[PDB]
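Scroll down for the structure; my scribbles are underneath it.
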Amino acid sequence: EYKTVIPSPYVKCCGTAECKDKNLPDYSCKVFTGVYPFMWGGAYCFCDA
Amino acid sequence: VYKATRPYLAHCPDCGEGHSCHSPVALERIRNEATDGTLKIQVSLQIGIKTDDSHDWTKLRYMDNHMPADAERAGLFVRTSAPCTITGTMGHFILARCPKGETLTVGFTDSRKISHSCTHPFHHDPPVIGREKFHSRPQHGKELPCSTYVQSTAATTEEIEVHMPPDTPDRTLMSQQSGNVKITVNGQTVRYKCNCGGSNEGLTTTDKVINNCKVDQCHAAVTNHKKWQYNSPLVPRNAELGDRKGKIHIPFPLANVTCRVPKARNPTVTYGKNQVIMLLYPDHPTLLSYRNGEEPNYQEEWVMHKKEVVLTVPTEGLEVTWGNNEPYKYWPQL
Amino acid sequence: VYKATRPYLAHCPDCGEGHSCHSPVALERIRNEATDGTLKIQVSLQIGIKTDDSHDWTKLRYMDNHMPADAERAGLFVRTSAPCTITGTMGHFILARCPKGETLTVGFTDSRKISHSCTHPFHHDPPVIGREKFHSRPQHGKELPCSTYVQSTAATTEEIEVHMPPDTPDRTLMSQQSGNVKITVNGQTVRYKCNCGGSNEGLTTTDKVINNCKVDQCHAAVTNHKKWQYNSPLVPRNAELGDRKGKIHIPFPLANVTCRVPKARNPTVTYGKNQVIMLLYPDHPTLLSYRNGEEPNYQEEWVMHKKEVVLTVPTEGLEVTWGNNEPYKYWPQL
Amino acid sequence: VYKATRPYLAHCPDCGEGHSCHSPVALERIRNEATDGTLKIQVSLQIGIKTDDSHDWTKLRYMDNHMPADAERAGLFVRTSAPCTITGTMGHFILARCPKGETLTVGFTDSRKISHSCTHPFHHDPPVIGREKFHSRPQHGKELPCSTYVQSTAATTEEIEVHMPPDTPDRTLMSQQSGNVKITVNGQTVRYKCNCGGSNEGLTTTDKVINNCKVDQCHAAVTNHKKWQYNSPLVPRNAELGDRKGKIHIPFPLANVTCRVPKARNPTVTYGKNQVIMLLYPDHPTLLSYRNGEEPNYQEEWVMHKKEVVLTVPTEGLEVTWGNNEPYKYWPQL
Amino acid sequence: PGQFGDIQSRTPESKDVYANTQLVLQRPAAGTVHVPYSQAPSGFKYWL
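Chains as they are written, first to last, in PDB author numbering: chain A, 50 to 98; chain B, 72 to 363, 365 to 406; chain C, 72 to 363, 365 to 406; chain D, 72 to 363, 365 to 406; chain E, 197 to 244.
The structure is reproduced here in structure tokens:
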């Protein structure tokens, strides 16, 4: 049986993150734009867009 | 190890009545590799540890908004379609024996009551160990190889990834002075970002002021660097540091053990021309399997109640297995 | 409105262990028109109102034999095959999210403890909203039209019929003076009937005496005329007055809202001569639907586990919908 | 009869979490001959009797290691897949109405709390009385013959076998004098065995000494002779006496009674050439049965929801039974 | 993916393993920190 290693996502506030080709089995990387995430005490990022 | 680690708040899709929340009892991962049916559940809180890091089995520590708080272990519950039997608890891990279900819920009680629960969709229907679907575990029976998560507190084999925390958002950290932004740290590490010029970074251990900026243009979140947290996909990564990782041993690892399985009673056997007739009287669901030579033609059926079975015995021979009993062998007379 | 209305005792077929009783928690009607699965339950008692008519969410009022009494809201419970999640309570109405069941039970606790429950046969298995059978409600998902009973206290649209009460039988109202029947009203409206001549009717607001009659030959019951009660088929109509009716607005009306849902993963797609092959890997039950031109030939199946599907793609085209995902369109190459 | 009998400790395969123990609430036999679904459960303890032999319905007596002790009747519980409804308790016997299950658990609470339970594998799914699968028992309905275990305390018909005890191990009976083994009887019958020469048998009513032997090499157990105990296959037979047996009457015997059952609505009937068409609208599961002449060809089906049935009416005639309704008779026109 | 050999390890002690599991990362929910994904179920569990 396989196992899916998912680390903490890199939320780049006020910037654009870059995916690098890693030599790992079933390696998947995706950068999502227009993200505005929230934590318990409000928004995690200073920027709206 | 709990002096460096801490309980945390993470995303949960169902905190009650299908509504999402920043849960102090958030579900991370449910492990079901144990053939005995035992579930290894990972949660955002820490059981058996107090806020002062001391080990106490009657206590539980969870993230209460800004800082961790103590809760009772008796108030901790695990349920699927009905309540589960908790077999062991230590830190982020829970061991439970659950009935058949489609969801998995883990909850607790604070100090001022207020029940916090986290529901995740999880198909639980553990496969049968052996050839008999029984309810309670017996003292005596056939010894069959099975896997379980050991009840032992000790952490020596299995592990999890840990790193410095992210940022609990809190808008109360910022105020208007008088038409500018004032960030009051209160002896904590606060990560701030403002939609204004000059200074808008950090990670600060001291109070900061942003002149000619509005309170709505700014974002504040509890800072850190002094503590460790599980590398959770439900909590964001620390932006300042790179791919900095730590690792800690975890309790209840999976190991090869023995499972005791019950049996049944030998059926009343009657013979015929190249055939065998068995009057099966099962007290519980019992697996009935049979095979022939070159063409075995394997057939199986779970016998629930009183059933008469007519089986053809070929010249090569017929092998019949009735539950946990040793296989019966039949041959025709020349 | 609760100054005019009152909680009451009505017939229940099962008050515990299959035995019928005059229940203070009697079930009137169970409404299940809400597509989201929410049940609107009508009961004989009144939740959120005290005996003095004042509104208090922590309190409950029920008919305690002769007069109404106060009870705790925390002690109120709703269950089918397992306990339900109560989403709202006001007067005779309860909103609940229940698991799959064949019966519906609503109960509470008095003052001197004593649990009162009412069980009615009710088939509860709410239909799936969308094309995915999920457990917990998500924050983000596809917006689909659904109906629910609103959580709001306000009563402006829906209504129930009300009228002056029926009759609570009480033998303590009658006594022998000295070998005749004495009916002592005690500032109430009492309906009496005696198996003797002269006067045996009413409905009286004053004390009445029946000469040369036995106490066993008479029947006494407390009415009312000053209060209103739901037009219940489990309570008799007032014989004196005709078809006199009243009406009151009720909380939690049914309304059109939006239900959030999730989606599945895109299957590994392989093509062939006028056909499409999909390797479906569902994590939970997922609806698979497809249609062709003039003859659409609609077909649907709930996919539970790993299944390979071979679908014929006609010249006109084939539309395939896999769970909550947007429909896939397929056309053959010329 | 309880002055001669006593509660006892016996083997139980599951005392909690699949572990075997010497249980004070051990299950002996579960009787399910009652067609109404009532279970007659036999246990190792005695309900409604105190240690001083006096009858008290609020009390329970169980074997507390060496001597019997008092416990509360309120703490006594019976459960299968969910809790059962206890209908009667007296001595070793419990009457219970249980939901569908695969195991049977009977438990209680001591004095210093400590819950004791005994789980046995038992398939419980009681058959339907009549032709309708209902939940709660009605006041009015069709009178059908059924069997039950009567609620009455009185013991006049049914019986159980009793005899002098077997063996209760007690290490306090032996002491070192000064480096040898001293067995102090204390006016009881004690069975002793020592891993030393000379004398190591009995069954003694007097004090015995074993010279040049260690206390760890010896085994002591209280026999008894003054009390009676149920002839339990979970407790050993008294070795000294032969096949000496006693017998006592037991409460709640099985008897022929009447069970009240319910019914439904006449379907919309349409006729055709040698056939009958019925549009069935059931509110709950309803049994539909039919028969023809010389060849009746009996057929039956449980109707759950809206279903149209097409039945062939032969020249001899057709009899159709829809639930608890009187059978409908159909004949073709000449 | 979803078949016998979706994950292949030369020896049970091997560090680098082969993997072909239909792992596809999805866009996170509005204002939510999580990593949603769609994945072919265990080939070994399927083979069992």
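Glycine included, every Cβ here is placed at the ideal spot set by N, Cα and C.
Beta strand (DSSP E) segment containing residue i, residue limits
i	result
B:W374	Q371 to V375
D:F164	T156 to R168
D:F148	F148 to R150
B:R132	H126 to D135
D:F179	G172 to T180
B:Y400	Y400 to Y402
C:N327	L325 to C330
C:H211	Per DSSP, C:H211 belongs to no beta strand (DSSP E) and is neither H nor E.
C:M349	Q346 to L351
B:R262	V261 to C265
B:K285	It is not in any beta strand (DSSP E) - B:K285 carries neither H nor E in the DSSP assignment.
Closer than 8 Å at the beta carbon, the chain E residues around residue i
i	result
B:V114	In chain order: nothing, as chain E lies at least about 16 Å away.
B:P333	The contacting residues do not exist; B:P333 stays about 24 Å from chain E at best.
A:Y93	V229
A:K69	By Cβ distance, chain E contributes nothing, its closest Cβ being about 15 Å from A:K69, past 8 Å.
B:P304	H230 and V231
C:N337	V220 and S234
Per-residue contacts from residue i into chain E (C-beta, under 9 Å)
i	result
A:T53	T217, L219, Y233 and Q235
C:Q210	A225, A226, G227 and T228
Residue i: contacting residues in chain D (beta-carbon distance under 9 Å)
i	result
C:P353	Within 9 Å Cβ-Cβ: nothing; C:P353 doesn't reach chain D, min ~27 Å.
Whole-number beta carbon distance between residue j and residue i, since they are thought to touch under 8 Å
i	j	result
B:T158	B:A167	6 Å
C:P240	C:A310	That pair is no contact at about 14 Å.
C:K379	C:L351	5 Å
D:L110	D:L131	That belief does not hold up - the Cβ atoms of D:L110 and D:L131 are roughly 19 Å apart, past 8 Å.
D:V382	D:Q405	Not quite, the Cβ-Cβ distance comes to about 18 Å (not below 8 Å), so this is no contact.
Neighbour list for residue i in chain C, Cβ cutoff strictly below 7 Å
i	result
B:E173	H206
D:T156	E88
D:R168	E88
B:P240	Per Cβ cutoff of 7 Å: no residues; B:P240 is ~16 Å from chain C at best.
E:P208	Those within 7 Å of E:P208 in chain C number zero; the least Cβ separation is about 26 Å.
beta-carbon residue i near the ligand FAD non-hydrogen atom, thresh 8 Å
i	result
D:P404	Within the structure as shown, the ligand FAD is missing, as the structure has no ligands at all.
Assigned secondary structure, residue i (DSSP; H/G/I helix, E/B strand, else coil)
i	result
B:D196	coil
E:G239	helix
C:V340	strand
residue 364 of chain C	Residue numbering in chain C breaks between 363 and 365, and residue 364 of chain C falls inside that break, so it has no position here.
C:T106	coil
B:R202	coil
D:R315	coil
D:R242	helix
C:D141	strand
D:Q247	strand
B:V233	strand
D:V256	coil
C:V114	strand
C:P216	strand
Boundaries (first-last residue) of the alpha helix (DSSP H) holding residue i
i	result
C:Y361	Unbroken run through C:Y361 is the beta strand (DSSP E), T357 to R362; no alpha helix (DSSP H).
Chain-ordered neighbours of residue i on chain B, where CB pairs are closer than 7 Å
i	result
C:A326	Result: empty, since nearest Cβ-Cβ is about 17 Å, beyond 7 Å.
A:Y76	Per Cβ cutoff of 7 Å: no residues; A:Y76 is ~14 Å from chain B at best.
Residue i: contacting residues in chain B (beta-carbon distance under 9 Å)
i	result
C:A153	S152 and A153
Contacts of residue i in chain B (Cβ-Cβ under 8 Å)
i	result
A:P86	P307
Chain C contact residues for residue i, given Cβ-Cβ distances below 8 Å
i	result
B:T190	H206 and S207
Listed by chain order, chain E residues near residue i by CB distance under 7 Å
i	result
A:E50	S238, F240 and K241
Chain A residues whose Cβ lies nearer than 9 Å to that of residue i
i	result
B:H296	None at all; the shortest Cβ gap to chain A is about 15 Å.
Residues of the stretch 372-403 of chain C with Cβ closer than 7 Å to any Cβ of chain E, in chain order: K378
Chain-ordered residues of the stretch 192-203 of chain B with a beta carbon less than 8 Å from chain E: none
Residues of the stretch 72-100 of chain C whose Cβ lies closer than 8 Å to any Cβ of chain D, in chain order: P84, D85, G87, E88, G89, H90 and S91
Residues within the stretch 249-266 of chain B neighbouring chain A, beta-carbon criterion of under 8 Å: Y263, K264, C265 and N266
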